[PDB]
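Below you will find one chain, with nothing else, as structure tokens; this is the form solved without isoquinolin-1-amine, and questions on how it binds or moves follow later.
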């Protein structure tokens, strides 16, 4: 069954969260859309991007390279829709700002606005990990910006517990 999400807490009308590996979730859920926490050249070197691409045996990277050759790099805050290969029907590759490289944190709102083009998404938090944004801030921007249905997979149990306790005790 498509979009078979289970095990999430519902934080808002739009936003759900689970302590999960987004690759394992995408295999179970069969989402119409999985979000990649991409960079502007769609180089899936590690993090969520690397994990999603690894699950596609590099098909995602080859398709991404072709997209970039034909269309040029994305903008920070931008997105493109490509195949979800064996994980999803579509992968929405979204570029959040890398505040470790001095990109404007205000583009995290632009980045999450891309989600609103899809009714239902499985997604990571944006601009976490090596992109350097505070995940609590990222979740706040997500809930303030996304208006459809987003199922967030947070891999790290400690981070998950911190996000949930922070959000629900606000």
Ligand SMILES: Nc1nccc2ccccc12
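Positions refer to the first chain, counted from 1.
Novice: When the C-alpha temperature factors are averaged for each of 57-65 and 104-112, which stretch ends up with the higher value in the entry?
Specialist: The deposited B-factors put 104-112 ahead on the C-alpha mean.
Novice: Look up the CA B-factors in the entry and say which stretch, 126-134 or 38-46, has the higher mean.
Specialist: It is 126-134 that shows the higher mean C-alpha B-factor.
Novice: Rank-wise, by C-alpha B-factor, drop residue 92 into the lowest, middle or highest third of its chain.
Specialist: As the PDB entry reports it, the C-alpha B-factor of residue 92 lands in the lowest third of its chain.
Novice: Tell me, lowest, middle or highest third: where does the Cα B factor of residue 142 rank within its chain?
Specialist: Its C-alpha B-factor, which the entry lists for residue 142, ranks in the middle third among residues of this chain.
Novice: Once the chain's modelled residues are ordered by C-alpha B factor and cut into thirds, is residue 16 in the lowest, middle or highest one?
Specialist: Answer is lowest: the recorded C-alpha B-factor places it there.
Novice: Taking the entry's C-alpha B-factors for this chain, is residue 151 in the lowest, middle or highest third?
Specialist: Within its chain, residue 151 is a lowest-third residue by C-alpha B-factor, going by the deposited values.
Novice: Can you tell me which third, lowest, middle or highest, the CA B-factor of residue 51 falls into for its chain?
Specialist: Its C-alpha B-factor, which the entry lists for residue 51, ranks in the lowest third among residues of this chain.
What follows is about the form solved in complex with isoquinolin-1-amine, which we do not show.
Novice: Should residue 51 be counted as a contact of isoquinolin-1-amine in the deposited complex, where contact means heavy atoms within 4.5 Å?
Specialist: The answer is yes: residue 51 has a heavy atom within 4.5 Å of isoquinolin-1-amine.
Novice: Is residue 146 a contact residue for isoquinolin-1-amine in the deposited complex, using a 4.5 Å heavy atom cut-off?
Specialist: Although isoquinolin-1-amine is absent here, residue 146 would stay clear of it in the deposited complex, with no heavy atoms inside 4.5 Å.
Novice: Is the gap between residue 22 and isoquinolin-1-amine in the deposited complex 4.5 Å or less for some heavy atom pair?
Specialist: Yes - in the deposited complex, heavy atoms of residue 22 and isoquinolin-1-amine come within 4.5 Å of each other.
Novice: When the contact criterion is heavy atoms within 4.5 Å, does residue 150 count as touching isoquinolin-1-amine in the deposited complex?
Specialist: Although isoquinolin-1-amine is absent here, residue 150 would stay clear of it in the deposited complex, with no heavy atoms inside 4.5 Å.
Novice: Quick one: which residues from 66-93 get a non-hydrogen atom within 4.5 Å of isoquinolin-1-amine in the deposited complex?
Specialist: Contacts from 66-93: none.
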